[PDB]
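Heads up: the sequence shown begins at 66 in the UniProt record's numbering, then just goes up one per residue.
Ideal Cβ placement from N, Cα and C applies to all residues, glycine included.
Quick notes on the structure that follows.
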Amino acid sequence: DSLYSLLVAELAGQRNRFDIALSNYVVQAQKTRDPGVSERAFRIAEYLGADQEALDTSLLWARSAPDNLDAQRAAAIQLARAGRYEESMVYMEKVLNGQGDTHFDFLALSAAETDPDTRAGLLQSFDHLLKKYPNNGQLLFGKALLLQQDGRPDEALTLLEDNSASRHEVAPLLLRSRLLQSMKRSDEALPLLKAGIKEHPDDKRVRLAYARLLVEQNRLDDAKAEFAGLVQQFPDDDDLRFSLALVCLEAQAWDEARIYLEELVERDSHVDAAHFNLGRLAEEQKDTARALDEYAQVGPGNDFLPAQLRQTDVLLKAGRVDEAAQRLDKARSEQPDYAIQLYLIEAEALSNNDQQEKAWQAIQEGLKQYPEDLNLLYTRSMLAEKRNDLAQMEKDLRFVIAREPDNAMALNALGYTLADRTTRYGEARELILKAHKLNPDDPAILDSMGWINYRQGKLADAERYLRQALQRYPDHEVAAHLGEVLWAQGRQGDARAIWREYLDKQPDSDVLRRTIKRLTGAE
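In structure tokens, the structure reads:
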């Protein structure tokens, strides 16, 4: 281990902080200006000058002052921080490629190991803090979080077992319980949670975790009593009541969940989410009328689109597609802010219930209404590709990649279709390279990279890229691609063995079945 070897982790930390700063700037730019007090005073002043028809000339003069202009201060701070981070990153990439006595300069190695942004430095700082203040509950909780996220949960649990504060403090106890539940030994977590209520009776999260652990076992009857006790001690907590309704709804005890949801309706808190969950429960109860009447009264927000999708799905289950289209059009006319998302809902529902022609017609209608929506024509591309229509699929995909030269996924999609179907191999290499440079973390882009490398002739690079893409996430398509690429280079047993796992007797593995027949056909 040397200093140059340690600098990469520092660069990774700088990358994380740069990403966070840039995303922070992005969310700042969209956000409206905070009320503050100057705009509040101007609001009361406008409320005053509104009484007389004569213009409040002094109010207009003051409200248009040069100091009343939004300079976007925090956004500029975030941008400048991201810029200096990028500058330092560039500097230390320039320092990395240099050669020298990287070793035996122990002064800088200590600073490289004390960096809180590196995982090893995080752990070193946590160890130094536990040395300074031992048995600190929050420090143990943070170190256990670090160890569990690092991919070593059992070591974190063993660290928790050695500390006595893990039995007393609420957050370490909660983390130890959810860790023990993942080790398939949930019963060991039962007594500790009880002891927590002995130490923290008024703490609602501890009792909620106790109730969830009761639900985990078959002994759910006491969990209903725990719900009743929580409601008895804190009948005003609306978020706690919503969480109790959610856990009761997970344990398919529909009666108490419906009771809690109607109680939330009476208290006028989380009304749209409450009605959405009532609609889901009624859909489970096969009560189509109640589910529809509850989905219709879901207000706009983070639950309007799921309610619309569930309504469309129930309508398609009933077979009255005309009423489904009419309700979706009426909802589009009611709230046109994300009407494009309503069209996406319609397309998804029609594609998931075997109405290919109606899905294509709805997408055509949506594009006629919004010809510039970049999601709508991409959905048209996927529908045309499912319809074996490569022409429309190429036209709109070229359209979207020309209008947005920096749309990775669409840029990726066409490229993959270039490698898999046609023989325009030169464009596909550049297309997949650009998609990989835009977002290397995307595993479908890595799959496309292995596929174009395999069809281009480079067998080793294709195998490595497909191996990486398969390591990130298990997919049947990537599995078949890796199997075929490995089979072509040789090592038949390895390709045969890789196929054994991801077959899994899956109806989704219908495409995978054809890869085996194509290659075992030569036998």
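**Asked** Quick one: is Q213 buried, meaning 16 or more other Cβ sit within 10 Å of its Cβ, or exposed?
**Response** When all chains shown are included, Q213 counts as buried.
**alpha helix (DSSP H) segment containing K433, residue limits** = Element bounds for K433: 421–434.
**Spatial distance of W425 from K433 (CA atoms)** = 12 angstroms
**Message:** If you follow the alpha helix (DSSP H) that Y112 is in, where does it begin and where does it stop?
**Reply:** 103–114
**Message:** Given this structure, state the Cα-to-Cα distance separating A177 from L224, to the nearest angstrom.
**Reply:** 25 angstroms
**Request:** Counting only the same chain and skipping the five closest in sequence on each side, list residues whose C-beta sits under 7 angstroms from that of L476.
**Result:** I466, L496, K499, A500
**Message:** Taking 9 angstroms as the threshold (C-beta atoms), are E549 and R583 in contact?
**Reply:** yes
**Asked** Would you report the Cα separation of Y275 and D116, rounded to the nearest angstrom?
**Response** Straight through space, the alpha carbons of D116 and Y275 are spaced by roughly 59 angstroms.
**Request:** Go to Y490, then tell me how far its alpha helix (DSSP H) extends in each direction, as first and last residue.
**Result:** 490–503
**Prompt:** Exposed or buried, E234, counting other C-beta atoms within 10 Å across all chains shown (16 or more means buried)?
**Reply:** buried
**Message:** For the alpha helix (DSSP H) containing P572, name the first residue and the last one.
**Reply:** No alpha helix (DSSP H) holds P572; DSSP gives it neither H nor E.
**Message:** Starting from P371, trace the alpha helix (DSSP H) in both directions and tell me its first and last residue.
**Reply:** Run containing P371: 369–383, per the alpha helix (DSSP H) assignment.
**Request:** Identify every run of the alpha helix (DSSP H) within the segment 138–163, keeping only runs that are complete inside it and at least 4 residues long; order them along the chain.
**Result:** As far as the segment 138–163 is concerned, its whole alpha helix (DSSP H) runs of at least 4 residues are 138–161.
**Close-in-space but distant-in-sequence residues of the same chain around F83 (CB under 8 angstroms, 5 per side omitted)** = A147, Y150, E151, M154
**Request:** Would you kindly report the start and end of the unbroken alpha helix (DSSP H) that includes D287?
**Result:** 286–298
**Message:** Please report the distance separating the alpha-carbon of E315 from that of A290.
**Reply:** C-alpha separation (whole angstroms): 16 angstroms.
**Asked** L479: which of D471, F169, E459 sits nearest, CA to CA?
**Response** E459
**Request:** Within 10 angstroms of the Cβ of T377, are there 16 or more other Cβ atoms? Answer buried if so, exposed if not.
**Result:** Buried.
**Asked** Over what stretch of residues does the alpha helix (DSSP H) that includes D461 continue unbroken?
**Response** 455–468
**Element boundaries [alpha helix (DSSP H), containing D303]** = 303–315
**Asked** Where do the N-terminal and C-terminal ends of the alpha helix (DSSP H) with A478 fall, by residue?
**Response** For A478, the enclosing alpha helix (DSSP H) starts and ends at 473–485.
**Prompt:** Is it a yes or a no for the segment 378–393 touching the segment 405–425, going by three-plus beta-carbon pairs under 8 angstroms?
**Reply:** yes
**Prompt:** Measuring CB to CB, does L503 end up less than 9 angstroms from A473?
**Reply:** yes
**Asked** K196 lies in the alpha helix (DSSP H); which residues open and close that run?
**Response** 184–197 is the span of the alpha helix (DSSP H), which, as asked, contains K196.
**Asked** Could you give the C-beta distance for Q143 and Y90, rounded to a whole number, given that I count them as a contact under 8 angstroms?
**Response** Cβ atoms of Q143 and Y90 come within 8 angstroms of each other, at about 4 angstroms.
**Request:** Below 8 angstroms on the Cβ atoms is my guess for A396 versus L407; work out the distance and round it to an integer in Å.
**Result:** 6 angstroms
**Request:** In angstroms with no decimal places, state the Cα-to-Cα distance between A130 and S103.
**Result:** 12 angstroms
**Message:** Can you tell me whether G558 sits near the ligand NAD, meaning its C-beta is under 8 angstroms from at least one heavy atom of the ligand?
**Reply:** Although the ligand NAD was asked about, the structure shown includes no ligands whatsoever.
**Request:** Would you mind giving the Cβ-Cβ distance between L124 and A110, rounded to the nearest angstrom? I have them listed as a contact below 8 angstroms.
**Result:** Contact between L124 and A110 holds, since their C-beta atoms are separated by about 5 angstroms, short of 8 angstroms.
**Prompt:** What are the boundary residues of the alpha helix (DSSP H) that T122 is part of?
**Reply:** 122–128
**Request:** Compute the Euclidean distance between the alpha carbons of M157 and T167, then round it to the nearest angstrom.
**Result:** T167 has its alpha-carbon roughly 14 angstroms from the corresponding atom of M157.
**Request:** Decide yes or no for the touch test of the segment 231–250 against the segment 258–267: beta carbon pairs closer than 8 angstroms, at least 3 of them.
**Result:** yes
**Asked** Excluding five sequence neighbours on each side, which residues of the same chain lie with their C-beta closer than 6 angstroms to the C-beta of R520?
**Response** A484
**Asked** Under a Cβ-count criterion, where at least 16 other Cβ atoms within 10 Å of its own Cβ denotes burial, should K208 be classed as buried or exposed?
**Response** That one is buried.
**Item:** Proximity to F169 [Cα-Cα], best of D66, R108, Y112
**Value:** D66
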